[PDB]
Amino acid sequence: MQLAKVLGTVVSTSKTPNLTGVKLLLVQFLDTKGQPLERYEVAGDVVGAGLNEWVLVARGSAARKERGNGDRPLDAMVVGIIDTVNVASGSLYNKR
């Protein structure tokens, strides 16, 4: 999975029926030094993440492995909110 920051929300009204009831979050990817990358995903959110929160992004078919998501055209899923990222130097990120 990828470390990412929540940038915003994506509203789509004309879409597939399998995408109805999915909250779509724009999440920008982060590198190993907590810095922002160009790579992003518009991900479905099953965890309740908010602006600027650091999150875990599952890609590919992994994004369809939650209770009611097996038939949805989901590429990328926000599968958790990050409290801390701990490296050898110490904490790279602490939400508090």
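Numbering starts at 1 and runs along the sequence shown.
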>> Quick check on the record: does 30 to 38 or 56 to 64 carry the larger mean Cα temperature factor?
In response: 30 to 38
>> I need to verify one thing: averaged over C-alpha atoms only, is the B-factor higher for 66 to 74 or for 39 to 47?
In response: 66 to 74
> Between 25, 82, 11, 87, which one tops the list for C-alpha B-factor in the PDB entry?
Replying inline: 87
> With respect to C-alpha B-factor, does residue 92 fall in the lowest, middle or highest third of the chain as deposited?
Replying inline: highest
